Amino acid sequence: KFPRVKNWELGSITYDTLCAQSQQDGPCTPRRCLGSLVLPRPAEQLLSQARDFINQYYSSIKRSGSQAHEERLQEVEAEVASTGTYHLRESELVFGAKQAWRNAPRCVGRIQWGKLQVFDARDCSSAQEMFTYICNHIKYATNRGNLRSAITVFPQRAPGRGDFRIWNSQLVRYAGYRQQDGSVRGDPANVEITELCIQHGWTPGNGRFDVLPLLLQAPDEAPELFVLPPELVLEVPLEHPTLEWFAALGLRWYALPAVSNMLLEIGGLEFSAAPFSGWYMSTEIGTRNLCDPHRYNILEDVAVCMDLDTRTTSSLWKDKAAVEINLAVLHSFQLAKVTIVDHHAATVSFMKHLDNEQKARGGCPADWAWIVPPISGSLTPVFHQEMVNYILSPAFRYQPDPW
Amino acid sequence: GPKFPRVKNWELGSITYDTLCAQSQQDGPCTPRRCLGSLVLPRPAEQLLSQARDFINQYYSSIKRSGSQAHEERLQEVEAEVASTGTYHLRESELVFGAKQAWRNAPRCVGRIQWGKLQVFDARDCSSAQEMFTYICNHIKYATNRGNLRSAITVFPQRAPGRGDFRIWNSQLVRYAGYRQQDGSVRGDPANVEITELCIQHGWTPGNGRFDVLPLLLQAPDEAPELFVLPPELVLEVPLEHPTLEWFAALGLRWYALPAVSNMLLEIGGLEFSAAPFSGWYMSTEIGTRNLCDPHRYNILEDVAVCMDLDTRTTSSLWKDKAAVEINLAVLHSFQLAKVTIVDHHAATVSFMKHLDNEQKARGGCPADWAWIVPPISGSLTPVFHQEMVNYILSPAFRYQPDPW
Ligand code: HEM
Ligand code: HEM
Ligand SMILES: Cc1cc(N)nc(CCCCCO[C@H]2CNC[C@H]2Cc2cc(C)cc(N)n2)c1
Ligand SMILES: Cc1cc(N)nc(CCCCCO[C@H]2CNC[C@H]2Cc2cc(C)cc(N)n2)c1
Ligand SMILES: C[C@H](O)[C@H](O)[C@H]1CNC2=NC(N)=NC(=O)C2=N1
Ligand SMILES: C[C@H](O)[C@H](O)[C@H]1CNC2=NC(N)=NC(=O)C2=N1
Ligand SMILES: [Zn+2]
């Protein structure tokens with residue numbers, strides 16, 4: 001039965017028919033819903049995924065049933081039957097990468113999905129060459145603050161051998177130095193990767209915002225360490241439009257959000273290294289990165305500085321400090337002329353995206369818990385919107401850590 | 001290791017496994033193909049007996065008498081009663097247990113740390129609309145307790161074969177009128193437009209304010225509903241002021257003290273209680289964020305922002321966030337000053353975390369609807385945002401039911 005999907009603010013209703021196109025199970029069953037969980041719980045198979053994807057591609061260019069379409073299916077079929085695998089043409093890769101983003105249920109920025117620079121790095125044969133491609137990506141995507149969405153696709157997994165992998169979870173990560181007294185200096189999210197870096201020969205610093213080097217891995221080789229050139233890593237000092245002492249906090253964040261640990265799956269083929277980047281929504285930095293108790297955890301420091309009544313929850317000191325921190329992020333990025341979007345503008349765009357996709361494809365997979373921002377949830381339109389979550393391919397997926 | 005859902009807390013790094021979900025006898029809306037967890041309304045013969053037996057087993061387990069002679073005798077009693085009459089009836093102590101369990105089982109309620117403290121008024125003798133009203137007034141008086149609020153439920157007679165239901169037509173015991181205007185807008189609470197118009201159709205003379213308390217429309221078996229005005233002195237309200245913004249008081253906003261849901265069905269051992277209103281106390285975000293700030297509710301965000309002199313022309317000033325915070329603070333401050341029980345969303349969610357731990361030990365899990373548990377402002381500032389949750393239907397349960405009209 002195709003789900004009825006309701007918007008409770010507007011009273012409008014849609015039916016999701018796109019979900020019938022899902023060929024991949026999620027974690028929920030009729031007995032229990034596991035929608036809030038962060039992590040998920042032969043040749044004929046490759047052949048049907050490949051054919052389905054080639055069909056998707058030729059349909060997108062309006063060329064279903066054409067000579068080119070029939071001949072491409074034969075090529076794919078021939079290659080799989082002989083070798084157990086196949087290869088994508090660059091145009092198919094570009095279409096596949098955009099579709100993977102379009103299909104990502106946890107992404108509120110999908111209004112932008114058709115605007116993605118795709119770097120084909122499948123001719124990469126060494127960690128050294130990976131570093132070169134990553135530097136070109138960062139340079140292109142950063143664009144002096146006028147951020148442009150981009151993906152670089154390194155060579156696919158092959159049955160015979162180890163994967164190409166970028167060990168770091170993002171291309172830009174701040175060190176987290178664990179103390180002998182358990183506590184952390186820097187970003188506690190990055191304790192493990194920091195220690196892997198030191199262990200692979202990196203000389204650590206001792207600051208709160210030390211940019212990590214990249215550990216890059218070519219198949220069946222020890223990862224290699226590469227320091228990013230400082231001028232490639234654009235950063236924004238954080239200050240507040242009216243609170244003078246805020247800048248004295250010595251806070252900063254990086255411009256470029258680039259996820260580097262996810263697997264890109266297109267037509268059954270798997271790209272274990274395919275880092276992608278857009279621009280930040282302010283709550284990612286202002287709310288999560290800076291205010292999570294297990295991240296930089298600055299709420300109390302800011303509250304004290306604001307002279308708020310910390311003695312009690314009902315003064316709403318946490319809520320007040322968080323708002324000001326989010327404002328400082330927005331102010332500071334605007335001042336530095338670095339692309340950023342606030343959570344109201346981003347969720348308004350997502351509502352438009354939902355409407356675009358309803359008309360174009362008859363639905364849109366969306367993970368409500370991820371779409372709704374971590375402050376002011378019900379003040380955004382997406383809170384009042386019912387959403388259907390399911391897996392379509394092409395897809396970005398999680399994968400095991402390479403160590 | 002375990003073949004039960006693994007549940008992680010990402011703030012603390014701690015892991016549990018929910019084994020309680022094995023006890024679910026009712027399907028929700030999700031399938032392996034697609035998750036429908038965000039939907040608001042998720043899409044008897046020997047059937048009664050097996051539900052009845054399961055509930056009786058639950059009762060005797062809770063008093064540690066499973067397998068006992070008293071347990072086996074009650075089972076026989078129930079099947080005998082069903083055998084001859086088609087239905088059965090609960091002992092008083094069974095109703096009390098069943099009502100607390102239904103609250104304990106409610107995935108959408110963040111206040112469940114309180115589940116063991118519920119005053120259960122047994123109104124299964126009620127035989128008229130007038131008597132329903134007396135019971136409800138008594139419930140309201142007891143629950144409100146001059147501002148020192150106490151959780152209560154009043155249970156009216158169960159649904160019976162081929163006989164009409166007891167129903168309360170209003171969705172809550174206290175509701176503000178919503179009057180549709182000529183221009184298409186609403187004065188009062190747009191949530192209550194339909195029930196307002198139904199009160200008018202049934203003979204209520206409407207006011208014209210923003211906070212007019214509605215009458216109750218009460219229905220006894222196979223009769224037209226009857227209209228009852230709540231004595232104004234029974235309905236405690238709190239005028240809203242702000243601790244530092246002196247003009248906020250001039251806005252004339254207010255809310256009532258007692259949150260009392262009256263349109264849900266209480267199901268216990270297959271028996272169905274179609275009128276069983278229950279009340280607690282408010283979490284401040286229900287009033288200050290949803291009721292006052294929803295675009296389709298009182299919608300006051302812009303008015304407050306304008307008074308605070310914020311830049312309302314651009315999303316990036318965070319004018320909405322700043323105004324909502326102050327409205328929420330006004331709610332807490334005003335209830336505190338008025339000595340009326342209220343709980344903020346930080347304190348509520350902290351206590352729900354304690355509840356989750358209690359239930360892990362007591363029952364091996366706790367059904368919880370993440371979208372409902374996470375507060376509508378400051379989500380990730382609260383510990384529940386970082387907590388994975390497993391949602392499933394246990395019985396006894398509170399359920400939605402069709403509107404009487
Ligand atoms: C255009 C700028 C973009 C904005 C404002 C945006 C917005 C977001 C936000 C707010 C999240 C949640 C992040 C978190 O909570 O940590 C997210 C996640 C995601 N986004 Fe987008 N996004 C953008 C570009 C992209 C691009 C270019 C791709 C792929 C090519 C993408 C794919 C994803 C994926 C796969 C996730 C989930 C990541 C994970 O699960 O760890 N995003 N995005
Ligand atoms: C003791 C103080 C209590 C607090 C602070 C509390 C808190 C809450 C909150 C914040 C919600 C979400 C409501 C919304 O978003 O509109 C809720 C829903 C719910 N609560 Fe509790 N609660 C309390 C007592 C109770 C009692 C006594 C019962 C039943 C005996 C109960 C059963 C429920 C049910 C069934 C829902 C879902 C309502 C619906 O789906 O319409 N609560 N409660
Ligand atoms: C493209 C893009 C745009 C934008 N605005 N922001 C980003 C950054 C997304 C960062 C997401 C990282 O998620 C981690 C940390 N919190 C939840 C967790 C989920 C997860 C788990 C795993 C194993 C991998 C992964 N990528 N993500 C990327
Ligand atoms: C006991 C209690 C404590 C407390 N703090 N707050 C309350 C009030 C809960 C009111 C819940 C109302 O929910 C309505 C309005 N928004 C979603 C919708 C869900 C719903 C639908 C239907 C058909 C019935 C119903 N009871 N609830 C009750
Ligand atoms: C347990 C819960 O699912 C996690 O805390 C989720 C909640 N929602 C979330 N939403 C987003 N956008 N990013 C997150 O990391 C995130 N964490
Ligand atoms: C579409 C979405 O499920 C609704 O807007 C939900 C989200 N979470 C919610 N949570 C709570 N506590 N009450 C709600 O009314 C509510 N509405
Ligand atoms: Zn689900």
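Residue numbers begin at 1 in each chain, while the letters A, B, ... track the order of the sequences.
- Summarising the geometry, atom CG belonging to A:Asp163 is positioned 8.0 Å from atom CG belonging to A:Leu263; distances are rounded to the nearest 0.5 Å.
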### Message
Run A:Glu129 and A:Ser126 through side-chain contact (heavy atoms from CB on, under 4.5 Å) and show every step you take.
### Response
CA-CA 5 Å; A:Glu129 287 170 0; A:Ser126 76; 3.6 Å; yes

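- Classification of the A:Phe333-A:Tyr280 ring pair by plane angle, with boundaries at 30° and 60°, yields perpendicular.
- Between B:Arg33 and A:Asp25 there is no salt bridge, since none of the side-chain N atoms of the basic residue sits less than 4.0 Å from a carboxylate O of the acidic one.
- Listed by chain and residue number, A:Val211, A:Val233, A:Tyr254 satisfy the side-chain contact (heavy atoms from CB on, under 4.5 Å) test with A:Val172 (two or more places apart in sequence, or in another chain).
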### Task
Check step by step if ring pair (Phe, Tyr, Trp, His ring centres under 6.0 Å) holds for A:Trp202 and A:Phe226.
CA-CA 9 Å; A:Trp202 182 56; A:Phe226 299 92; over 10 Å; no

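- For A:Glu195, the salt bridge (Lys or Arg N to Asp or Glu O under 4.0 Å) partners are A:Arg178, not counting sequence neighbours.
- Looking at A:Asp355, its side chain never comes within 3.5 Å of a backbone N or O of A:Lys352 through a donor-acceptor pair.
- Taking CD1 from A:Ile325 and CG from A:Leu249, the interatomic distance works out to 8.5 Å, rounded to the nearest 0.5 Å.
- Inspection of the A:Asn326 and A:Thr287 side chains reveals an N or O donor paired with an N or O acceptor under 3.5 Å.
- For A:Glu270 and A:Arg397, the salt-bridge test passes: some basic side-chain N is under 4.0 Å from an acidic carboxylate O.
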### Query
Is there a salt bridge (charged side-chain N to carboxylate O under 4.0 Å, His left out) between A:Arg102 and A:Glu357 once you walk through the steps?
CA-CA 9 Å; A:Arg102 185 188 190 176; A:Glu357 291 291 82; 2.7 Å; yes

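- Within 6.0 Å of atom CD in A:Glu300, 12 or fewer heavy atoms from other residues, nucleotides or ligands are found, so the atom counts as exposed in its surroundings.
- For the ring pair (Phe, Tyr, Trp, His ring centres under 6.0 Å) test, no residue two or more places apart in sequence or in another chain qualifies with A:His87.
- More than 12 heavy atoms of other residues, nucleotides or ligands sit less than 6.0 Å from atom CZ of A:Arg148.
- Annotation: the span from B:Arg34 atom CZ to A:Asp16 atom CG amounts to 9.5 Å, rounded to 0.5 Å.
- Checked against the 6.0 Å centroid threshold, A:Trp167 and A:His200 count as a close aromatic pair.
- The number of heavy-atom neighbours closer than 6.0 Å to CZ of A:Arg63, taken from other residues, nucleotides and ligands shown, is 12 or below.
- In this structure, CH2 in B:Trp370 is found 7.5 Å from CE in B:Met389, a value given to the nearest 0.5 Å.
- In this structure, the side chains of A:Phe271 and A:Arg157 stay at 4.5 Å or more apart for every pair of heavy atoms.
- A:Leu171 and A:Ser260 make their closest contact through N-OG, 3.6 Å (heavy atoms, listed as atom of the first residue, atom of the second, distance).
- No side-chain heavy atom of A:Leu216 sits under 4.5 Å from any side-chain heavy atom of A:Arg165.
- The two atoms that bring A:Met130 and A:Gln217 nearest to each other are SD-O, 3.8 Å, heavy atoms only.
- Relative orientation of the A:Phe53 and A:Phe95 rings is tilted, given thresholds of 30° and 60° on the angle between their planes.
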### Task
Give the C-alpha distance, both sets of side-chain angles, the deciding distance and a yes or no for side-chain contact (heavy atoms from CB on, under 4.5 Å) between A:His344 and B:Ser316.
CA-CA 8 Å; A:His344 305 286; B:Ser316 57; over 6 Å; no

### Message
B:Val7 vs B:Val390, test: side-chain contact (heavy atoms from CB on, under 4.5 Å). Steps then yes/no.
### Response
CA-CA 8 Å; B:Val7 193; B:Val390 186; 3.7 Å; yes

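- Test A:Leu34, A:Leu37, A:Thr29 against B:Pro5 for side chain to side chain contact (heavy atoms under 4.5 Å, CB included) and you get one pass: A:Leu34.
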### Task
Quick one: do A:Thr283 and A:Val329 satisfy side-chain contact (heavy atoms from CB on, under 4.5 Å)? Show the steps, please.
CA-CA 9 Å; A:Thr283 51; A:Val329 170; over 6 Å; no

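- At a cut-off of 3.5 Å, with distance as the only test, a side-chain donor of A:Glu265 or A:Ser393 sits close to an acceptor on the other residue.
- No side-chain heavy atom of A:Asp120 sits less than 4.5 Å from a side-chain heavy atom of A:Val94.
- The distance from the OG atom of A:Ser169 to the CD1 atom of A:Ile193 is 7.5 Å, given to the nearest 0.5 Å.
- Inter-residue side-chain proximity for A:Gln56 and A:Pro394 is flagged as met; some heavy-atom pair is nearer than 4.5 Å.
- Annotation: side chain of A:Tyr174 is not in contact with side chain of A:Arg208 (no heavy-atom distance under 4.5 Å).
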Considering only distance and modelled atom types, tabulate donor-acceptor pairs under 3.5 Å from the side chains of residues 380-387 of chain B, sequence neighbours left out.
from: B:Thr382; atom 1: OG1; to: B:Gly379; atom 2: O; distance (Å): 2.7
from: B:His386; atom 1: NE2; to: B:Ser380; atom 2: O; distance (Å): 3.0
from: B:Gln387; atom 1: OE1; to: B:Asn9; atom 2: ND2; distance (Å): 3.0

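- The side-chain contact (heavy atoms from CB on, under 4.5 Å) test applied to A:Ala150 returns A:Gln117, A:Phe119, A:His137, A:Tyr140, A:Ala141, A:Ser277, not counting sequence neighbours.
- Residue B:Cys30 comes nearest to B:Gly37 through the heavy atom pair SG-N, 3.6 Å, listed as atom of the first residue, atom of the second, then distance.
- A salt bridge is defined here as a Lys NZ or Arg NE, NH1 or NH2 lying under 4.0 Å from an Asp or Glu carboxylate O, and A:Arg89 with A:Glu75 meets this definition.
- Under the 4.0 Å criterion applied to side-chain N and carboxylate O atoms, A:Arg122 and A:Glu90 are not assigned as salt-bridge partners.
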### Task
Show your working on side-chain hydrogen bond (donor to acceptor under 3.5 Å, both in side chains) between A:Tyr398 and A:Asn261 and close with a plain yes or no.
CA-CA 7 Å; A:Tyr398 301 152; A:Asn261 61 9; over 6 Å; no

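- A heavy-atom distance below 4.5 Å is not found between the side chains of A:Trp279 and A:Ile340.
- A:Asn356 and A:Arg361 share no side-chain donor-acceptor pair at under 3.5 Å.
- One distance of note links CG of A:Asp187 with NE2 of A:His294; it measures 10.0 Å at 0.5 Å rounding.
- For A:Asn146 (side chain) and A:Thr142 (main-chain N/O), no donor-acceptor pair under 3.5 Å exists by modelled atom type.
- No hydrogens or angles considered: a donor-acceptor pair under 3.5 Å links the side chains of A:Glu192 and A:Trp403.
- Atom CZ of A:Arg295 sits in a crowded spot, with more than 12 heavy atoms from other residues, nucleotides or ligands closer than 6.0 Å.
- With A:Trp113 as the aromatic partner, A:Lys115 does not meet the cation-pi criteria of under 6.0 angstrom to the ring centre and within 45 degrees of the ring axis.
- Under the ring pair (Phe, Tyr, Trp, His ring centres under 6.0 Å) test applied with A:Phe276, the options A:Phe154, A:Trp101, A:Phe396 reduce to a single match, A:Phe396.
- With sequence neighbours left out, the salt bridge (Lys or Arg N to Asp or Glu O under 4.0 Å) criterion links A:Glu235 to A:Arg252.
- When side chains are defined from C-beta on, A:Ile54 counts as touching A:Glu92, because their heavy atoms get closer than 4.5 Å.
- In this structure the side chain of A:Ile134 never reaches within 4.5 angstrom of the side chain of A:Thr152, judged on heavy atoms.
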